[PDB]
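Chemist: need a structure here:
(3 chains)
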Amino acid sequence: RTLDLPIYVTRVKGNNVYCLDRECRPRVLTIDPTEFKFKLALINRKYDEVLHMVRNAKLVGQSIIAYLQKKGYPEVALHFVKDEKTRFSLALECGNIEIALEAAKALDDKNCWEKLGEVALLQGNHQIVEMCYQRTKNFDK
Amino acid sequence: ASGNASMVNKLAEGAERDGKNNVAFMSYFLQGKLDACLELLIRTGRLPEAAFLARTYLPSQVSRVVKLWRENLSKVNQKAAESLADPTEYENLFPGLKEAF
Amino acid sequence: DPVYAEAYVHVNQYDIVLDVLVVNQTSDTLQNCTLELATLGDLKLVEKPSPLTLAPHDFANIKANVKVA
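Modeler: Residues are numbered from 1 along each chain as shown, chains lettered A, B, ... in the order given. Coordinates below:
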């Protein structure tokens, strides 16, 4: 759940959440945990929750960086993710090469490709990789 | 242009000298020497590629080599990244029975 | 508030850039206040996305470029 100007967490009184900036700038709070559910949930692959919440950041400065940067599944990608550029970043970060494929189609930042087909190969499929390279002018290759 | 092995051995020696991977290969080939091509790869870290040769024209290093490549991959864990089989399963190597030996 | 705005700084290549989430989970493009420009250091802040609604239940990206030299 998000704060409300300065607050400090003092400690936790039950579910009816309580928060303090020091002695004012205060909360009673309907909760909304994140994480707990999550590394357990995650640990059991489970998404249902997040999803269900429809909770969806990954950036605030960043926010993918707990371990969503050091990703845990691309199932994560699925809860949230955006622009082809962003998507692309994911395409490396996850290595989401599904998103890459399209991403690629949509990339056209060469270098980007340029590494990537190999990488793609590296991960698999040269049947495809050949194409990738085909426009890439690694003709000789 | 006229062609020559002898030139090639000395040159091979040279080939070793030159410092970019690629020429040396042609040589190795040119001589006819898978072995040489493959050894060369070991130094450069040509690994995916090395596997193709090792497969195509079979010195069955595909088995040997694949394990190592896979190991790198392995280092960079994820099961898909690991990737596994030689005679049977994922690959059926010698059970496939097809065109390089 | 519903409107929750969360923000952090990203400094992406020279440019210190302001990620802002103003999320207006508001019950409407609630009216918004005011913002002011300024000379800064070897930088100057330099952008504001113009509107001042806090669109209902809605999330927004408000970008501030800063001028980094």
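Chemist: Pull the contacting residues for the most centrally placed residue in chain C.
Modeler: Nearest to the geometric centre of chain C sits residue C:62, at 3.8 Å (Cα atoms, centre = their mean). By Cβ atoms under 8 Å, 6 or more residues apart in numbering or on different chains, the contact list for residue C:62 reads C:7, C:18, C:20, C:21, C:22, C:48, C:49. In short, each C-beta sits where N, CA and C put it, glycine included.
Chemist: Which single one of those is nearest to residue B:8?
Modeler: Closest approach to residue B:8 among the contacts of residue C:62 (Cβ to Cβ): residue C:18, at 63.8 Å.
Chemist: tell me which parts of chain B are close to chain A?
Modeler: Chain B comes close to chain A at residues B:48, B:80, B:81, B:83, as judged by Cβ under 8 Å from any Cβ of the partner chain.
Chemist: re the thing from before, how about the contacts of residue C:62, which pair is most distant?
Modeler: For the contacts of residue C:62, the farthest-apart pair by Cβ to Cβ is C:21 and C:48; their separation is 15.3 Å.
Chemist: If you count surrounding residues, which of the two has more?
Modeler: Comparing residue C:21 with residue C:48 by neighbour count (other Cβ atoms under 10 Å in any protein chain shown), the higher total belongs to residue C:21, at 20 against 16.
Chemist: so is the more buried one in a helix, a strand, or just coil?
Modeler: Three-state assignment for residue C:21 (DSSP: H, G, I helix; E, B strand; the rest coil): strand.
Chemist: Now tabulate the residues of chain B next to chain A in JSON lines and tack on distance to chain C and neighbour count.
Modeler: Below are the residues of chain B next to chain A laid out as JSON lines (distance: Cβ to the nearest Cβ, whole Å; neighbours: other Cβ atoms under 10 Å in any protein chain shown):
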{"residue": "B:48", "distance to chain C": "33", "neighbour count": "16"}
{"residue": "B:80", "distance to chain C": "32", "neighbour count": "10"}
{"residue": "B:81", "distance to chain C": "30", "neighbour count": "16"}
{"residue": "B:83", "distance to chain C": "36", "neighbour count": "16"}
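Chemist: And what about the residue nearest to the centre of chain C, helix, strand or coil?
Modeler: At residue C:62 the chain is in strand, as set by three-state DSSP.
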